[PDB]
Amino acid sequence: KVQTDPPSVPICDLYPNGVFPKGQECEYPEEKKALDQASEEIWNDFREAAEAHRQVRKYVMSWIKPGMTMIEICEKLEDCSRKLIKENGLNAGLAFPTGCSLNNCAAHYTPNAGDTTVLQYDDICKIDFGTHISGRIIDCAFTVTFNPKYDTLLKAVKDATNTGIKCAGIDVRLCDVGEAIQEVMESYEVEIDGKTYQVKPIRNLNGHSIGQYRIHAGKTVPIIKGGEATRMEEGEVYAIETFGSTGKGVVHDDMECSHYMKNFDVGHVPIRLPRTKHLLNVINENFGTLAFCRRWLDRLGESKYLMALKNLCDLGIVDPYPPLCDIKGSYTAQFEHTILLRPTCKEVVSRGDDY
C-alpha cells in the first residue's frame, strides 16, 4: 500500500518488514561497523519517527496559509502526526507541542484555548514539532513565510544550520560548532522594508543532545563562539538548530505560557492534594518526561487545572517553558535537524528533499 494524498496511512504500515528509510549519511569530518549494527533497532525507531516528520511537514507546507488561526494550524498538523506515527501511549506519539512562534517570537509558542491569533501574510512562522517511537525523539523545524522579503534571512539560517550539521562529529568540540555557525550566519546581510541588517545568531538559544524520552539530555550546542570545549561522543544524538534575528540577538520570556515538561531528575513525589495529585497522574500516564501543552490537557477532558499545574511548577516537579522573543519589531527564523552520531557515520536522520 501507498500513502494517500492527504496522509492517513501509518508509517509502520508503509514499511512491511519494519525497516525504515535512512536519512542522509555523511562521512565524519569492522568493529565499529559491528557496534553500529548492534544498535540498529534504535536507529530504526528514529527513522520511523523521521519519516513521519517528513510526511507531516510536506502536508503542512501544502495548506498552511494566512487567514488560518494558529489553533487550526496546530490541530490540523497534530491530527496528521498522530495518525502517521500511529500514536500508542508512551510507545509512539508526539514528542512535544507544535511550536508556531511568530515574528519577533523565536520559540516555545503554541496557542492555548481561546487564542484568536490569525496567521498573516507578512508573518514569519517557525514550525517546530516532534515525533517519537519508544522515546527516540525527532526534533526538527523549518520557517514558513509568504512574503519574498524574508527570503535572504531564511537562506542565512538554512546555511548556518547546515554548517553546524557539517561541522558536527565524534570528538568535535561543541564550542567549535558554535563558532562555525556564527561566522556563516553573520556573513549574511538582508534588506527588509527599506532597512538593512547583519543577520545575528540568537546567542541564548541552542542545539542540544537528545536522550530517550529526554529532549534536552544534558549537553548544549551553542550558535555563537565562546562556548565549552566539551566534545561530542560516539552514539550520541543531537538536535542541531540555529536561529537568526534582525533584532538584538537575544530572547526573553514573553506572553502566556503554553509549554510544560516534567523535570527528568525529579523522582516520585507523593501528593495528597486531590486536584494536584490527579493532574500529576494524568501527566505521568500520558506524557512521562515528554513535553506537553495546555491544549493537550483540554483534549484529555481536563478542566480547571491551572492551579493544579501551577502547584506542580512551584514544587519543581514540572517546569514551564514560556515563549522566547526578541525585541518588538524584529524578525526571527529557525531551521533544525536531528543527527545520529553512529559508529560508522553521521546520519542526518530527519533530512528531507525539502530541507
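We number the residues from 1 along the sequence you see.
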item	value
At least a third of other PDB entries omit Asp298	no
Unresolved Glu30 in a third or more of other entries flanked by modelled residues	yes
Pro29 to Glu30: deposited residues without atomic coordinates	10 or more
Of 244-252 and 166-174, the one with larger mean CA B-factor	166-174
Residue range whose averaged C-alpha B-factor is higher in the record, 139-147 or 258-266	258-266
Out of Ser303, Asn286, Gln55, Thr69, residue topping the C-alpha B-factor column of the entry	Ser303
Maximum C-alpha temperature factor, selected from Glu78, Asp159, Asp123, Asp193	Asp193
CA B-factor placement of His108, once the chain's modelled residues are sorted into thirds	lowest
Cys345, C-alpha B-factor rank within chain (lowest, middle or highest third)	highest
Ranked C-alpha temperature factor of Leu35 among modelled chain residues, by third	highest
Relative C-alpha B-factor of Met232, binned into the chain's lowest, middle or highest third	highest
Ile223, C-alpha B-factor rank within chain (lowest, middle or highest third)	middle
